[PDB]
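# Examining the three-dimensional arrangement
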Amino acid sequence: XXXXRXXX
Amino acid sequence: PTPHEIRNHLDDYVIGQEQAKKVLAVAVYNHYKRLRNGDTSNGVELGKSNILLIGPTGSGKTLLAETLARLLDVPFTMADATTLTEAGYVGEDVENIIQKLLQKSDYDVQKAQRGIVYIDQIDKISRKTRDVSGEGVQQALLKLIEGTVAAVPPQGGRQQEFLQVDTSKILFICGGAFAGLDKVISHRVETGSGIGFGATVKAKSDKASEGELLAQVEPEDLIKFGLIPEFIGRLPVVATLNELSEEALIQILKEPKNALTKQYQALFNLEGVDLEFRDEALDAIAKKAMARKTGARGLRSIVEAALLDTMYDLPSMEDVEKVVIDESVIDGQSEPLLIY
Amino acid sequence: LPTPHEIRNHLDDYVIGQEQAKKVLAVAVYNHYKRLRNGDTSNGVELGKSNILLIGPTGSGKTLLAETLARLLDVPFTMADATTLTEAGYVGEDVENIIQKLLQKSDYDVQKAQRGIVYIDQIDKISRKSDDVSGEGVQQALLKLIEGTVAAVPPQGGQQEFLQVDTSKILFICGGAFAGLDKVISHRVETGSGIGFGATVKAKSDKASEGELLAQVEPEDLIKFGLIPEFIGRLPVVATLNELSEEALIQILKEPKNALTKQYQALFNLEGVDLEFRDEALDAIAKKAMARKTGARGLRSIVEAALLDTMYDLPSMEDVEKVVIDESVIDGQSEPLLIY
Ligand SMILES: Nc1ncnc2c1ncn2[C@@H]1O[C@H](COP(=O)(O)OP(=O)(O)OP(O)(O)=S)[C@@H](O)[C@H]1O
Ligand SMILES: Nc1ncnc2c1ncn2[C@@H]1O[C@H](COP(=O)(O)OP(=O)(O)O)[C@@H](O)[C@H]1O
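cryo-EM is the method the PDB entry lists for this structure, together with a resolution of 4.12 Å.

What follows is the structure, encoded as structure tokens:
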């Protein structure tokens, strides 16, 4: 549904 | 099919793109030239002729496709990839496009294989829980272009029978405004700038404008954007469209029956009042339109922004048989003169 | 079933100017598929795989060798690019996508995708920067992939299941261009020079071929470039393209059956008109190609731009049986001659 993709 | 006649009809509905019309007439004619009597040549692997349109916003891409469908005898489709979800998800699937093509051809396989395909907003599928409208759409479309027979249930399925309609014979027109495609081309063409006396120094913008920048594009430049090289390999043809011309803006408001001037004219004719637009006001509008960098679509802003006071005050006003718009009106310093 | 001599001729038909590269890929692919037919029924078990690593200039036909091979071999092929690749979990990409791409050719492969081939482009872009998600880190992830393993892959995207596919059997061909590698090997093997008086200057930029130096390339030189020796150990086979030649470009348009010159010739055969391409016109295309530093890839732009006027007017024109092209026409100062 919702993708929480984050990279430091 | 005549390249001289197809260009004459498109000239009626489209203006400002002379080079692009020549490209479409050649590619379109080469597409049908192969289907009717082609693939009977001494040399094998005749390259499939395709089209890849590229232009800014309001460049008339939709109009060119539409004008072709009306002129052309076979059917035409307008299938964007904004909602094309792969693997049969809730949004949509690529198979429906094949289905919609048959509806236009009335389940005629012999007539549907000779059809044309056009897609808008192809930049949105550029590769970046899961991704549904990303690079996945390229994979499904890739099979459609390279060539493959698919299975479509006739009438949706009452048996499990499908129609094995070919796809290598159908033409495809991938076109959409590519945002940011100018900085990438700028790096290659600029090749730095000299600092000494003899070396020439570039100004703010001499060759960095959208016009004369896409013609020198290459397939490797699109790879950095996000597209797949195999997808671009199947479309060796490219069509570069100029942003706009000052003279075309004056013609778009006078020759087309759907011009904005004629629209507002009928809006006031029902009220029992006449309207007029002098030539000095038309050319002034074109200078302000190009500054907005939006195209013909952003032309209504300049018109209604000027006729706001003219339309708001109008109903209360009486004995105003005709209204004249002077060049000063576009500037906004002087109000339009009223005729009693 | 095929042999190295038979495949050499087929490769020669579509590729030229690369003799050593043909023998390398021929014996490599020949012995690779021999291992699949025999499997491990012989005394020897777990027959090791031999990978291939190509190094050559840009537009030197590296991709064509892999594409033409897939047509004759008939096995599935994919063209992956390593520029987007990122180090295990970052915004750009993950290695998992590559595995599904190969299956995407047929979308259903259990004992059929193991025998497929894969190509990689721009391998030098991931060189270990020594000042990382772009550098060395990416190479570490590919080690286990090339060595052979199994990755879960949803077939067709969908079941509540995933299919396991081996990758030891799957051969990999890492293609790429290593610019500036001549300086590293020159000081090591031939001579330390280029800056001194007695030292040889780089006068032979185009007079002589850098290729000959690349033939003496070794894995130790690749370590200084940035690659990991462990990564190069998995790819013992080495292929070195020498250069592209002006006379070769003339042969590229005449010797290959799929030459662009022959496609237009076949296009007008059904039309009942003859086509011609003089030798004085092909040499000019070679100069324009080298001028844009693109090779054979930037060839259609020169041809299609020149024949746009002739092709557009050919259907309109009548009683024309032959077309002649001259060197002046390529420059754009002349119009091609027409014979009735
Ligand atoms: N070449 C053109 N000639 C005449 N009017 C045009 C032309 N291009 C655009 N217009 C006008 O602008 C309106 C919108 O044009 P569109 O072709 O829809 O713009 P567009 O750039 O194709 O939209 P996108 O970017 O594909 S969503 C048309 O209804 C016309 O009134
Ligand atoms: N011997 C050849 N005959 C015909 N075309 C060639 C030949 N060598 C290269 N090409 C052209 O080069 C293009 C492929 O270039 P490619 O090998 O992908 O460049 P790179 O080596 O940088 O990957 C193809 O479009 C093909 O037409």
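Having seen the model, we can carry on.
This part takes up the overall build of chain C. If you tally the helices and strands in chain C, you get 15 helices and 9 strands. C-alpha extents for chain C along the principal axes are approximately 70 × 65 × 45 Å.

This brings us to the interface of chain C and chain B. Taken together, the contacts link 32 residues of chain C with 32 residues of chain B. Roughly 2,900 Å² of surface becomes buried between chain C and chain B when both sides are summed, with 58% attributable to carbon and sulfur atoms. Sorting the residues of chain C by area buried against chain B places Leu-270, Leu-308 and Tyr-312 of chain C first, and these three jointly supply 22% of that buried surface. At the junction of chain C and chain B, the tally comes to 2 salt bridges. Residues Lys-105 of chain C and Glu-146 of chain B are paired through a salt bridge, measuring 3.8 Å at the closest nitrogen-oxygen approach. The interface formed by chain C and chain B holds 3 residue pairs in polar contact in total. Those elements that provide at least two residues to the side of chain C that touches chain B are β2 (77-81), α4 (96-103), α11 (260-269), α13 (300-306) and α14 (308-313) of chain C. It is α11 of chain C that contributes the most residues to the side of chain C that touches chain B, 5 residues altogether. Its residues assigned to classes, the side of chain C that touches chain B comprises 12 nonpolar, 11 polar and 9 charged.

The next subject is the packing of aromatic side chains. Residues and elements named next belong to chain B. Scanning all chains against the criterion turns up 3 aromatic pairs over all chains. On the basis of an interplanar angle of 25° and a centroid distance of 6.4 Å, the ring pair of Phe-76 and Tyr-118 is categorised as stacked. Pair noted here: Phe-76 is in strand β2 (residues 76-78) and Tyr-118 is in strand β3 (residues 116-119), with a separation of 42 residues, a long-range link. You can call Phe-76 buried: its relative accessible area is 7%.

Okay, the site of ligand 1 next. Residue and element names in this part refer to chain B. Contacts to ligand 1 come from 14 residues, most closely from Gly-58, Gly-60, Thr-62, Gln-121 and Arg-297. Backbone polar atom of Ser-59 to an oxygen atom of ligand 1: 3.3 Å apart, as the coordinates give it. Between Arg-297 and ligand 1, the recorded distance is 2.5 Å, taken from a side-chain N or O atom to an oxygen atom. Contact with the protein chains covers 74% of the free accessible surface of ligand 1, which is 640 Å². Broken down by element, the shell around ligand 1 gets its largest block of residues, 3 residues, from helix α3 (residues 61-71). When residues of the shell around ligand 1 are sorted by domain, at least three fall in each of domain 1 (1-242) and domain 2 (243-340).

Moving on, we come to the sheet that holds strand β6 (residues 171-174) of chain C. Residues and elements named next belong to chain C. Pairing within the open sheet is parallel, and its 5 strands lie in the order β2-β3-β6-β1-β7. Each of the sheet's edge strands pairs with one partner strand only, and the pair in question is β2 and β7 (237-240). Averaged over all pairs of adjacent strands, the angle between strand axes in this sheet comes to 20°, irrespective of strand direction. Summarising the sheet, strand β3 (residues 117-121) and β6 pair through 4 bridges and their orientation is parallel. From the neighbouring strand, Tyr-119 faces β6, where its bridge partner is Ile-173.

Let us now look at the pattern of salt bridges. In this structure the tally under the stated criterion is 21 salt bridges over all chains. We note a salt bridge from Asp-221 of chain B to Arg-188 of chain B, for which the minimum N-O separation is 3.9 Å. Remark: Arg-188 of chain B occurs in helix α7 (residues 181-190) and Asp-221 of chain B occurs in helix α8 (residues 219-225); sequence separation between them is 33 residues. The exposure class of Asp-221 of chain B is buried, given its relative accessible area of 3%. For the salt bridge of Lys-322 of chain B with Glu-276 of chain B, the shortest nitrogen-to-oxygen distance reads 3.7 Å. Residue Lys-322 of chain B is found in strand β7 (residues 322-324), and its partner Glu-276 of chain B is found in the loop between β6 (274-275) and α12 (279-292); the two are separated by 46 residues along the sequence. Under the relative-accessibility criterion, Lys-322 of chain B is labelled partly exposed at 30%. With relative accessibility at 30%, the residue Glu-276 of chain B sits in the partly exposed group. Via salt bridges that share partners, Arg-188, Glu-220 and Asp-221 of chain C belong to a single interconnected network.

A contiguous nonpolar surface patch, about 230 Å² in accessible area, is contributed by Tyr-90, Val-91 and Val-133 of chain C. For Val-91 of chain C, the position within the fold is in the loop between β2 and α4.

Before going further, it helps to spend a moment on the packing of helix α1 (residues 4-14) of chain C against helix α3 (residues 62-73) of chain C. Geometrically, a packed helix pair is captured by the angle between its two axes and the distance between the axes. Residue and element names in this part refer to chain C. Where α1 contacts α3, the axes come no closer than 10 Å and their chain directions differ by 125°. Judged by the angle between their axes, α1 and α3 are oblique. In terms of crossing hand, the pair formed by α1 and α3 is right-handed. Where α1 abuts α3, its residues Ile-7, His-10 and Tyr-14 lie against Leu-64, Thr-68, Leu-69 and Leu-72.

With that settled, the discussion passes to the domain arrangement of chain B. All names here are of chain B. Here chain B is partitioned into domain 1 (1-242) and domain 2 (243-340). Once you take the C-alpha centre of each, domain 1 and domain 2 turn out to be 36 Å apart. On the domain 2 side, the residues contacting the 7 residues of domain 1 number 7 residues. For the pair domain 1 and domain 2, the summed buried area comes to about 570 Å², and 48% of that belongs to carbon and sulfur atoms. Run the count over domain 1 and domain 2 and you get 0 salt bridges.

Residues and elements named next belong to chain B. Within the open sheet, the 3 strands sit side by side as β6-β7-β8. Their pairing is mixed. Each having just a single partner strand, β6 and β8 (337-339) make up the two edges of the open sheet. Sheet topology places β7 next to β8; 3 bridges connect them, and they run antiparallel. If you follow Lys-322 over to β8, its bridge partner there is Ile-339.

Calculation notes
- Residues numbered from 1 in each chain as written, not as in the entry; some residues may be left out.
- Chains lettered and ligands numbered in written order.
- Part of a larger assembly, values for the part shown.
- Heavy atoms only, no water.
- Residues with missing side-chain atoms left out of burial classes, pairs and counts.
- Helix = DSSP H or I, 4+ residues; strand = E, 2+ residues; numbered from the N terminus.
- Contact = heavy atoms within 4.5 Å.
- Buried area = accessible area lost by both parts, 1.4 Å probe.
- Salt bridge = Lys/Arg side-chain N within 4 Å of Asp/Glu carboxyl O.
- Polar contact = N/O pair within 3.5 Å; in protein donor to acceptor, adjacent residues only side chain to side chain.
- Nonpolar A, V, L, I, M, F, W, Y, C, P; charged D, E, K, R; others polar.
- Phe/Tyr/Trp six-rings, centres within 6.5 Å; stacked < 30°, edge-to-face > 60°.
- Buried < 20%, exposed > 50% of the residue type's maximum accessible area, 1.4 Å probe, protein only.
- Near = heavy atom within 4 Å.
- Areas by Shrake-Rupley, 256 points an atom, 1.4 Å probe, with all protein chains shown as cover.
- Domains from an automatic or database assignment.
- Pairing = 2+ DSSP bridges.
- Axes fitted to C-alpha atoms, helices over the stretch in contact; angles between N-to-C directions.
- Patch = residues over 30% accessible without salt bridge, like charges linked within 9 Å, V, L, I, M, F, W, Y side chains within 5 Å.
- Parallel < 35°, antiparallel > 145°, perpendicular 65-115°, else oblique.
- Left-handed = near helix turned anticlockwise from the far one by under 90°.

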